[PDB]
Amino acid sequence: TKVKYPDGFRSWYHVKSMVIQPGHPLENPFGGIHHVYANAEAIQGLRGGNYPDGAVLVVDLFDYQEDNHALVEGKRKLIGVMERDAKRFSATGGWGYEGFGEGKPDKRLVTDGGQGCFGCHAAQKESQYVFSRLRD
């Protein structure tokens, strides 16, 4: 019941992006420029199907520097990971929730079996616990 490191996620489908600036309620620790990625499996859910076991969503969080009215991507802060397994991740609505510090497999961030992550993602039960909307 550990979430696997999503090897190769940077080659996945880019779902969407958002900037969370200082002062945002989620600034600790979501502050930065973030990009949402989906594997083949997760695309099926985003398109309006059921999320199949093996679907993985990644949220890739970068620091940024405001440089003359450009926001410029700096170092990666972390990745958040949601891993669909209806049986193994049953306690958290069938998604496994993990963080990797600087996107490194060695730096697991989740210490409460993902109940905190699940606490907020539960509001989205009707879209299978997923906030991001697939956009053209």
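Numbering starts at 1 and runs along the sequence shown.
For the pair 51 to 59 and 22 to 30, the record assigns the higher mean C-alpha temperature factor to 22 to 30. The PDB entry records a higher mean C-alpha B factor for 83 to 91 than for its counterpart among 83 to 91 and 31 to 39. The entry lists a Cα temperature factor for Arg76 that places it in the lowest third of the chain's modelled residues. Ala123: CA B factor in the highest third of modelled residues in this chain (values from the PDB entry).
For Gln115, the recorded CA B-factor ranks within the highest third of the chain. Only modelled residues enter the ranking.
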